[PDB]
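*Asks:* task: produce atomic coordinates for the following.
(3 chains, ligands or ions: 4)
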Amino acid sequence: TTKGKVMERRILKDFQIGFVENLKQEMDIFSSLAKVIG
Amino acid sequence: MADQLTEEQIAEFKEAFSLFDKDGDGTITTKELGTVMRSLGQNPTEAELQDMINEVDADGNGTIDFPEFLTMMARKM
Amino acid sequence: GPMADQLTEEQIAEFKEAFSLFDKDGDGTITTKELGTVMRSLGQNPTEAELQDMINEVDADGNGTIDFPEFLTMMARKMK
Ligand SMILES: [Ca+2]
Ligand SMILES: [Ca+2]
Ligand SMILES: [Ca+2]
Ligand SMILES: [Ca+2]
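*Replies:* Numbering: from 1, shown residues only, chains lettered A, B, ... in the order given. Ligands and ions are numbered 1, 2, ... in the order given. Structure as follows:
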């Protein structure tokens, strides 16, 4: 159970959903994407 | 990129898939992602969960299957 | 058309992550269809020609799709 939860947390971090939600709010898609990473 | 995976890595990613595929139907949905996230103290909105599915839903069928899960896992190594 | 003078490794990792959101099937290219899918998530409804215009201005070798070297070159450029 603890081993499974550690695996789950690691995989969820792989979605980078905070970074992805940042793009979506910012949205010339490629310029606006440069701004988020800027 | 999924082809460059060892037997042990595939076996590991298969086990990881089943942790998310709560009903064992071969797909991960927004609801299954939400259940796991909340069990780890995260409280995503429905829109965030759909965005997460949309990140890796390559065939656009609305869920994550094991091929898509393996592509995600392999490319992020 | 140079890339930005200061291009950090972590910015490059974010470019890879952004590329992977377009290239969902992981074949190393972005097609007009994959671009349209992502922009429809954004609330835009581009035409099949508008999509081809945006592909064409990133597509440095003119083969009709965007690979990661092309994407990264354009991104570090717009980073200025
Ligand atoms: Ca399921
Ligand atoms: Ca799918
Ligand atoms: Ca692709
Ligand atoms: Ca090209």
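
*Asks:* C-alpha from now on. contacts and neighbour counts both.
*Replies:* Fine.

*Asks:* for residue C:44, see how far away the residue in chain B that ligand 4 sits nearest to is.
*Replies:* At 19.6 Å from ligand 4, residue B:1 is the closest residue in chain B, using C-alpha to the ion. According to C-alpha to C-alpha, to the nearest Å, residue B:1 stands 31 Å off from residue C:44.

*Asks:* coming back round to it: what's the neighbour count on the residue of chain B closest to ligand 4?
*Replies:* Residue B:1: 15 surrounding residues under other C-alpha atoms under 10 Å in any protein chain shown.

*Asks:* that one is in contact with residue B:74, isn't it?
*Replies:* Yes - here residue B:1 lies in contact with residue B:74, judged by C-alpha atoms under 8 Å, at a distance of 6.0 Å.

*Asks:* what segments of chain A are helices?
*Replies:* Applying DSSP state H to chain A gives helices spanning A:2-13, A:17-26, A:29-37.

*Asks:* tabulate those helices (TSV), appending mean neighbour count and distance to chain B.
*Replies:* As requested, the helices of chain A are exported to TSV (neighbours: other C-alpha atoms under 10 Å in any protein chain shown; distance: least, C-alpha to the nearest C-alpha, whole Å):
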stretch	mean neighbour count	distance to chain B
helix A:2-13	13	7
helix A:17-26	15	7
helix A:29-37	17	15
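
*Asks:* packing partners of the helix of greatest length in chain B?
*Replies:* Criterion DSSP H: the longest helix present in chain B is helix B:7-20. The helices and strands touching helix B:7-20, judged by 3 or more C-alpha pairs under 8 Å, 6 or more residues apart in numbering or on different chains; DSSP states H and E, are helix A:2-13, helix B:30-39, helix B:66-75.

*Asks:* tell me which of those helices sits nearest to residue A:29.
*Replies:* helix B:66-75 (23.0 Å; C-alpha to C-alpha).

*Asks:* who does the closest one touch, helix- and strand-wise?
*Replies:* helix B:7-20, helix B:46-56.

*Asks:* in it, what's buried?
*Replies:* For helix B:66-75, a neighbour-count test (16 or more other C-alpha atoms under 10 Å in any protein chain shown) marks B:66, B:68-74 as buried.

*Asks:* closest one of those to residue A:3?
*Replies:* residue B:73 (17.6 Å).

*Asks:* excluding residues flanking it in the chain, which one is nearest that closest one?
*Replies:* The spatial neighbour of residue B:73 that comes closest, neighbours along the chain excluded (C-alpha to C-alpha, 6 or more residues apart in numbering or on different chains), is residue B:13 at 7.4 Å.

*Asks:* centroid residue for chain B?
*Replies:* The centroid of chain B falls nearest to residue B:69 when counting by C-alpha atoms, centre = their mean (4.9 Å).

*Asks:* tell me the spacing between that one and residue B:25.
*Replies:* 14 Å.

*Asks:* then residue A:10?
*Replies:* On the measure of C-alpha to C-alpha, residue A:10 and residue B:25 end up 23 Å apart.

*Asks:* do the same with residue B:41
*Replies:* Computed as C-alpha to C-alpha, the residue B:41 to residue B:25 distance reads 25 Å.
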